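Student: Mind looking over this structure? Questions follow.
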Amino acid sequence: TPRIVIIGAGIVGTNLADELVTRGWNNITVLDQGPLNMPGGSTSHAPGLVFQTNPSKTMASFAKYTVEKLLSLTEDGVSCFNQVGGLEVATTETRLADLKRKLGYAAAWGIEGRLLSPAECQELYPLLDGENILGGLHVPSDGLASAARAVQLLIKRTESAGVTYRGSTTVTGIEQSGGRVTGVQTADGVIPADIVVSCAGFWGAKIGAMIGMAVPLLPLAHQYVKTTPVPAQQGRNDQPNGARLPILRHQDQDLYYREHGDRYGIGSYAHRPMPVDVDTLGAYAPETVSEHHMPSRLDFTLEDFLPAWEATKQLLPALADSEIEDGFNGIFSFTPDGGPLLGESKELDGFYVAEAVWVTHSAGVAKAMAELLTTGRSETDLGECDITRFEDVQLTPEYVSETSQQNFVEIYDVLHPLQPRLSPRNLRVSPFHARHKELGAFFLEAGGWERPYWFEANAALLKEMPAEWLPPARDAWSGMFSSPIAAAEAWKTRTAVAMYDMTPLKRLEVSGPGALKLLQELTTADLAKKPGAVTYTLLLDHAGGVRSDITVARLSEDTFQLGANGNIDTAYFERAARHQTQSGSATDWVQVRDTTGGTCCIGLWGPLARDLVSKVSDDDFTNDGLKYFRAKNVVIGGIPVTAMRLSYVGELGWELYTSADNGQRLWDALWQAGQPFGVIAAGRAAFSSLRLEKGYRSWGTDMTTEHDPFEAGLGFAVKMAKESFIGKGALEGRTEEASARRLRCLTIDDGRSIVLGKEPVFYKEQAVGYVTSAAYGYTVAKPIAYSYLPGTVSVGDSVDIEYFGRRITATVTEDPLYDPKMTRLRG
Amino acid sequence: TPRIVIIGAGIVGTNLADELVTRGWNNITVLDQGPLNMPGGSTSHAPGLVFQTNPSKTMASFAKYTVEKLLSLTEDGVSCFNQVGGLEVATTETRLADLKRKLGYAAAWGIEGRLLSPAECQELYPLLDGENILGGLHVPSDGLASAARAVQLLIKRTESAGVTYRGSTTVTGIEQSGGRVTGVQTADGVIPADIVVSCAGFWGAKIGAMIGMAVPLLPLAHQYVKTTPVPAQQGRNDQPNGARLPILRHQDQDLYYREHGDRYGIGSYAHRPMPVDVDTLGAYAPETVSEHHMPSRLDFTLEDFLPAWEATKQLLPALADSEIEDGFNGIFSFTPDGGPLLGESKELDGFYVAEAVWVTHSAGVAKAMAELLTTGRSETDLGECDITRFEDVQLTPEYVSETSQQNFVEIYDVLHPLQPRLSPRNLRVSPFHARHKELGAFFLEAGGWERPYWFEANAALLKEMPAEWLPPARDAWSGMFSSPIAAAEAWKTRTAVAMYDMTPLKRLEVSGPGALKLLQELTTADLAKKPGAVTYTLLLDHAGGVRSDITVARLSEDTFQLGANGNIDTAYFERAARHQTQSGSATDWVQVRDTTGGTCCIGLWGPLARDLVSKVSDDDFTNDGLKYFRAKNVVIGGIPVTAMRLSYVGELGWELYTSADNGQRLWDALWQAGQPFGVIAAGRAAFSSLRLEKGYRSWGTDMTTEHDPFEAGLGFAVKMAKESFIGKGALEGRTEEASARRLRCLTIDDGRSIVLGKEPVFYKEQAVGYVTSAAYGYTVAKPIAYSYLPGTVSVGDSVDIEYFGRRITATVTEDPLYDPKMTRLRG
Amino acid sequence: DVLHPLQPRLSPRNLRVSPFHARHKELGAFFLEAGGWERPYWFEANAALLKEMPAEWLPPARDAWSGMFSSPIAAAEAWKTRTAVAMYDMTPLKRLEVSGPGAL
Ligand SMILES: *Cc1cc2c(cc1C)nc1c(=O)[nH]c(=O)nc-1n2C[C@H](O)[C@H](O)[C@H](O)COP(=O)(O)OP(=O)(O)OC[C@H]1O[C@@H](n2cnc3c(N)ncnc32)[C@H](O)[C@@H]1O
Ligand SMILES: *Cc1cc2c(cc1C)nc1c(=O)[nH]c(=O)nc-1n2C[C@H](O)[C@H](O)[C@H](O)COP(=O)(O)OP(=O)(O)OC[C@H]1O[C@@H](n2cnc3c(N)ncnc32)[C@H](O)[C@@H]1O
Ligand SMILES: Nc1nc2c(c(=O)[nH]1)N(C=O)[C@@H](CNc1ccc(C(=O)N[C@@H](CCC(=O)O)C(=O)O)cc1)CN2
Ligand SMILES: Nc1nc2c(c(=O)[nH]1)N(C=O)[C@@H](CNc1ccc(C(=O)N[C@@H](CCC(=O)O)C(=O)O)cc1)CN2
Ligand code: NA
Ligand code: NA
């Protein structure tokens, strides 16, 4: 098997060694600049609290696996997990409501937990001064990891299986040739490798710069304090590091707690963000590293801890009879969005990262990476962990610094899923931005792009709207980053004509004599059709899982424009094209460009779309001028445009693409043409609700690599008859009808209880699914939610969706909910 | 020699046959759908007035050649030119002033002419009612062409030399294979060809669509009327078509005149534009074509002519005793900018156009095309005639229609060289457009781009400006599309820091394993330098003439960004890259993209540029961070940018390139950083004056293919030591010192008489040059003009520049006028 | 309906605006209204100041109810008012001219 070098003998790198070994890959060298007995990264100081419950399904499965593995990781009859459970307490109404949402995550992801009353909290954790406790969330399977001990036992069992450990060995560079890794440099010459995995914790960026790779993590310090012996605790625990009470979270004050014998450990994020320059740390001579003297531990700054110490004494008064014994400012990693950084680099074949990973998720990440390395894919969706998810503006040191600090500042906050950052904003805007501002655009952002969710100009339309379009009141939570205005935009889209900004849609140009050959192998469609055809198709992995759903427009013999889902797709195409070019003839070369930023697109949609466009174009837009899912070049308002006839909102019209410098003119020409037809600008709130009424899938939530096309209801898009395509062999014999799990459309019975995503779904009182996407449907006048459900659950069955602790009755409904016979889309 | 098919036996196509023959290329078939004896295009109805004098040097040389050739084109002792001279009369002060400018063109282009007083006009042309005549411009060598007769004599002499003519033969298509022309389709099968030249007059667009080529001409009708016998004219001329008086232009009333025996011919553009659908003309059966029955002649619409007929009787009262005998609405071509359309198509190798050409320029265009075909280049600069000069937005049928009609409406107007159209405007704007509007940008346009010439916000700076920067008053003509504000912008650029919009600069990405190989052959620089280098270099033709001056930035091993001069360059690179790819290995492929529209650029220039940028970037901008004429990637205001250190304005700073979606943020970050430093936005008026103070050349005026690098003072940019590059062999042994003509900088002695361009330059009372570029120099505080001058004329000599009839004393000055030791540009 | 005390109408809006309205829009004014006047409650331009603000000025989280029609941005505007200089639109303040020999 391939020669693997792992950089880092933290909890990540030693778990990864371990996960590779058990899969038969043992040609591994593990390097660490610290001594093997105590390498001295963040793992060497972590207190090891593990709270599994997480808004993210993947992160939650990573934590569940880590708990399982640490419990099994044992020597002299002592495991590496002490399963005391975990308790998060609420001291405000906002937090108590949020614990109900978190209990929802628990059930969604298969973690057992309960909400505790104030009295039951006191019974479980008598040290709590009960006066400000409104409630708790108790997960019995949570607990304390012994991460440093786990590292030592992983080293020992992997060593026996052939893995080589070199402590006191500093990586100073990475050797490469022809765009693949060939070795790792040390002052002692090069260690050959076919695969390098950087498991270097908060040194990740420094390692990354050695190959020109932006690794978007920031090292940040976080205070951890142990008290002196707490009188109330005398005699209760085994010394020196026993614990019997659940690990304790006090998220309203940025604090968490564990016992260490009769002492308390207090973790505080209740301080200013503290960026750390890794180049200033110094080279620690290995012989010098000890528990208080290691690169990860900076001097304690007591002044930062004072407020945390007061809140502690308030929550746990017994602690007022102890003192602060020892504290440090410990360094670990943060990232712009709080997700880890995993996967193959863009810059260098065979070079991977598994960085910015808490002890909590370590074994999970290791296992995914081991699957990635040995089989070509991870069994768990890595959409939110892949290093290549980031856009170029999100990779600058300044972006990483500013947003990673804000993620530290907010780490324990209750936040709505649509909550935008206040800064940095306005990084990327489409060419319609000034016009969007004139119309009172309410902008949210993703990928650096500013995106209108609705337009305040259209509030003037609410008085004219037919009552059937008026939605009911929303609760405060579903009402955040939402507006009644979206009803009006949905209304006008369904009955007049609307202009949506499609500019942020990932746009890739795949070009050259090998373009068709590349796309024919990567996609599930037969793309060898005369130019003009637009095909909705999938990208799969070799296990048939859905990596993406895409459109491919063939603009000429050698030129294809793809509408993709984000930069994981870009990176996927980039590498696949480079590999075909390198091992092909002069007829296989192919380039991939991300042209998103240099172009723009208006989705011009609704029943008056042809009336509008005919005023500013002499091109033929009739059905016989341009059929559904066809593209051609046209001129609109004097601007050359590529017109594609499809609509993610389910109405007549076209995506109109042009170069950025032309976009404002193209916008103004249409806007003016559309005055007599009541044209509006329409934003993402309406867009999302309308596409949901159409049943159209959104990659990353409605389906990921954990789903095959037939489970996702996307069989129509797989052309099984193709000689060859990635995933074909895996999908032999499967059908939608025979899928054990299927994506179902739910409508909410009461017409008004909106859900948002991730809420667990119960059939006959058992958790069998979870909301993937949802919105209020303005056309059907009810909340809609999607969920996978067991194949045995049928159209017309009834299911419950738990939202903030309350069961909401919904019915499995046939989709599309709107115009399933596509009457609005054809001729 | 190659098999050539010419489409059209008009004055263009038969002259082209002729010009090819005399150059030894006689394998020619000439096709025309009309009968050979009277093909029935525009040539069959033209009255044949030839006024040589023209603002364009090339057009003027085309007309001079046409006069020479038609005079030599003779049979039975009767030539095809009747050299009666030409007279343009002025009936307003505006026109009289403009005739003085036109006399300037005459001397510039070597055409003999004089300005006539009202009395002398009466003596030359006694029929003129003298009362509104303020003056005339008389060119004795002008005259009347007999174009239909010239066609017949060209046919006869080319036929004898082997050329084949097929009349009554309709081209219905063009055959091609592998991107080159292979034949012309008729109902009688295919006529093979290696080279096709479309000489199809106003059918040009229809021919063009047969290969997918946009031919930006519009067919338009123009009225031409013959009177009955004019009493005053009885007995004076040979019948039936004699003429003795000069051809007569009456541009203030859109009219021109010639005698036909004792009748008058009146040409009127004094009517609404009359677009013609060529598809509605009908197929004329050849046997039916006669003088009054031909595809080019539409029914006369007398109502349109009435006002012209009145003005005629006012100018020439003798005509009031005649009547209108016959009129027609004759069709010919117009183009967006009034230039013809020449050269190789972008779409099809070997397929050329020579279309939208007046009888006046016909032989000239034919000769250039013959040179192009047989030698690879024209001896006359075709910058303003090349079909590939147009930008994509300028090629839509709607753009062509609207602007070609306006060119018809303005054909006889006095217009300032900076006069913008009012419509269509706002086609292309940079990402800084809203910000430019906030600052009161005064926008002119070229290439479809809106470009600020100055910013009204900066008027507030005039009260603070040191008096030495305050320019003198401008006359009305040089003051049009000019503002004192430009002095302030030049001032701030020289002493603080300015932000120029460089977005419209043609930007080409040349990429792939054959990129360096292509550029090494096309340019005069050795580009095989590690990435990061920016090189100013030339593109030449095989005769050493300068096609372009360019920058090449090597961004990576296989990736180069060029800053070019416009779409002639784009088209040149496109074809050259396609040809290398087709006849190369898998290591020679190369793509060219025009990324202008998807990107943007700020030129951040002036002595405080480093102070400004250091506030919003942690990249190293010091001299040791980025040397002059080097590029690197940086981050500014959170935006990835490519920074190139050069300055067409002569100051410290950088061109800052980024993708369009990032541009506004990049703008705002710099704007805000620049507040304490007094940053301004600066426009093209200042830019032009500043670059002139630096002596930097502008392709298309300061040099064209008619100049070699040494004549243009660009020897430094030619690396003669290179093994190989286009033009090298031609330039062996030449030096700047030995050049018979050299580009000289002139400063105007009086400090105030501004010239604009094209004004003739006299040494010791002889016309020896002409102004190529000019501006008021704000830094040296005097008007500057460039001109080629004989090598014998030296620095410190004195020359006169004629501006509106007045000699302005100027001195030949060493350039650069500003900072010639580059102290402002280095370290 | 359950309505927050600051809940604005969506229509009719923009009846009365001060002469600084275009400038307020450039700066990302969040407008509420009373008396027909549009009144900025805070300015989105000033969100860029939050990263520079001393921690002592940073407010705690708000519950959903007190957080409606409220923004952390107001902390920054209060900060700059107390330590630098701020421009408030006082235009809607009822202004009466009492004039004539009986005015006093
Ligand atoms: C600091 C901290 C972290 C922490 C915590 C409390 C504090 C104060 N509480 C946690 C909690 O209760 N629950 C939990 O799940 N995690 C908690 N953490 C975070 C956790 O400590 C880290 O996220 C995790 O330990 C990181 O693991 P990882 O294995 O990724 O990183 P590392 O332990 O830092 O090891 C990286 C190794 O790389 C070696 N290295 C780096 N550069 C080189 C070079 N050039 N050459 C050779 N080796 C290199 C390092 O020496 C290190 O050992
Ligand atoms: C109309 C007009 C033009 C004109 C003028 C007054 C009027 C009313 N006065 C002029 C003047 O005094 N001085 C001057 O210099 N020019 C004046 N003109 C303009 C002039 O007539 C034209 O610009 C010039 O004649 C055009 O010459 P050209 O050789 O380019 O074009 P053509 O004579 O129209 O011939 C084109 C031929 O192409 C053949 N054809 C077209 N399509 C086909 C196909 N498909 N197959 C075969 N043959 C084709 C046509 O039949 C035509 O003969
Ligand atoms: N050009 C384009 N590409 C894109 C999008 C888009 O809206 N436009 N997407 C935007 O997010 C994602 C793809 N999601 C989509 C999901 C469904 C349909 C759709 O039209 N479905 C029809 C297909 C009909 C057919 O193939 O015949 C259907 O399911 O009935 C389109 C895009 C990424 N790529
Ligand atoms: N990148 C870039 N490309 C461009 C321009 C530009 O301003 N920037 N041009 C804009 O119109 C045209 C080129 N004209 C130019 C003329 C002179 C110089 C210049 O810097 N000349 C220095 C060169 C010094 C050297 O090579 O060492 C000089 O003549 O001293 C630059 C561009 C087209 N290409
Ligand atoms: Na916090
Ligand atoms: Na006119």
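Protein chains in written order, with the UniProt record's numbering: chain E, 4 to 830; chain G, 4 to 830; chain R, 416 to 519. We treat Cβ as the ideally placed atom computed from N, Cα and C, and that holds for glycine.
Taking Cβ positions only, does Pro455 of chain R come closer than 9 Å to chain E?
Tutor: no
Student: Using a Cβ-Cβ cut-off of 7 Å (strictly less than) and excluding sequence neighbours within five positions of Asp818 of chain E, which residues of its own chain qualify?
Tutor: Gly698 and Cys748
Student: Please confirm whether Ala369 of chain E and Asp21 of chain E have their CB atoms less than 9 Å apart.
Tutor: yes
Student: Does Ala663 of chain G get closer than 9 Å to chain E when you measure Cβ to Cβ?
Tutor: yes
Student: Is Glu739 of chain E near ligand 5, judged by its Cβ being under 8 Å from some heavy atom?
Tutor: Checking the 8 Å criterion, the Cβ of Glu739 of chain E is out of range of every heavy atom belonging to ligand 5.
Student: Less than 9 Å between CB atoms is the rule here; does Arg648 of chain G satisfy it with respect to chain A?
Tutor: The structure shown has no chain A; the protein chains it does contain are E, G and R.
Student: In angstroms, rounded to a whole number, what distance separates the CA positions of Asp79 of chain E and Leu73 of chain E?
Tutor: 14 Å
Student: Under a Cβ-count criterion, where at least 16 other Cβ atoms within 10 Å of its own Cβ denotes burial, should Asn332 of chain E be classed as buried or exposed?
Tutor: Around the Cβ of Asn332 of chain E, a 10 Å sphere holds 16 or more other Cβ atoms; the residue is buried.
Student: Checking 9 Å against the spacing of the C-beta atoms, do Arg6 of chain G and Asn40 of chain G come in under that value?
Tutor: Contact: no.
Student: Starting from the C-beta of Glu96 of chain E, find all residues in its chain whose C-beta is less than 8 Å away, skip the five residues before and the five after it, and write them out in chain order.
Tutor: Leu137
Student: Count the other CB atoms within 10 Å of the CB of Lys767 of chain E; is the residue buried (16 or more) or exposed (fewer)?
Tutor: exposed
Student: Check whether the Cβ atoms of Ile390 of chain E and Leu345 of chain E lie closer than 9 Å to each other.
Tutor: Cβ atoms of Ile390 of chain E and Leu345 of chain E: closer than 9 Å.
Student: Quick one: is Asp416 of chain E near chain R, going by C-beta distance under 9 Å?
Tutor: yes
Student: Please list, in chain order, the chain R residues whose beta carbon lies closer than 9 Å to that of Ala463 of chain E.
Tutor: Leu425, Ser426, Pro427 and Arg428
Student: What whole-angstrom Cβ distance do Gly716 of chain G and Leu746 of chain G have, given they're in contact under 8 Å?
Tutor: Sure, about 5 Å apart at Cβ, within 8 Å.
Student: Can you give me the start and stop residues for the alpha helix (DSSP H) that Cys124 of chain G sits inside?
Tutor: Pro121 to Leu127
Student: How many Å lie between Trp312 of chain G and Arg275 of chain G at the Cα?
Tutor: 15 Å
Student: Specify which residues have a beta carbon nearer than 5 Å to any heavy atom of ligand 3, listing them in chain order.
Tutor: This criterion selects E:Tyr539, E:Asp552, E:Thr554, E:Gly566, E:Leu649, E:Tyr651 and E:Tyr699.
Student: Give me the pocket residues for ligand 6, defined as CB within less than 7 Å of any heavy atom, sorted by chain position.
Tutor: G:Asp257, G:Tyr272, G:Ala273, G:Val412, G:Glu413, G:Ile414, G:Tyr415 and G:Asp416
Student: At what residues does the alpha helix (DSSP H) containing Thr584 of chain G begin and finish?
Tutor: Boundaries of the alpha helix (DSSP H) harbouring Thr584 of chain G: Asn570 to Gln585, taken from the DSSP string.
Student: By Cβ distance below 6 Å, which residues in the same chain neighbour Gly379 of chain G in space, the five residues on each side in sequence not counted?
Tutor: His545
Student: What residues from chain R crowd round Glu405 of chain E, counting only those whose CB sits closer than 7 Å?
Tutor: Here the neighbours are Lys466.
Student: Quick check on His439 of chain G - is its C-beta less than 9 Å from some C-beta in chain E?
Tutor: no
Student: Less than 8 Å between the CB of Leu34 of chain G and some heavy atom of ligand 2, yes or no?
Tutor: yes
Student: Just to confirm, is the Cβ distance from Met502 of chain G to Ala685 of chain G under 9 Å?
Tutor: Cβ distance < 9 Å, so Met502 of chain G and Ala685 of chain G count as in contact.
Student: So the alpha helix (DSSP H) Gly138 of chain G belongs to, where does it begin and stop?
Tutor: From DSSP, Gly138 of chain G is part of no alpha helix (DSSP H) but of the beta strand (DSSP E) over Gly138 to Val142.
Student: Quick check on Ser588 of chain G - is its C-beta less than 9 Å from some C-beta in chain E?
Tutor: With a threshold of 9 Å between beta carbons, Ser588 of chain G makes contact with chain E.
Student: For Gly342 of chain G versus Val396 of chain G, is the C-beta distance shorter than 9 Å?
Tutor: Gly342 of chain G places its beta carbon 9 Å or farther from that of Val396 of chain G.
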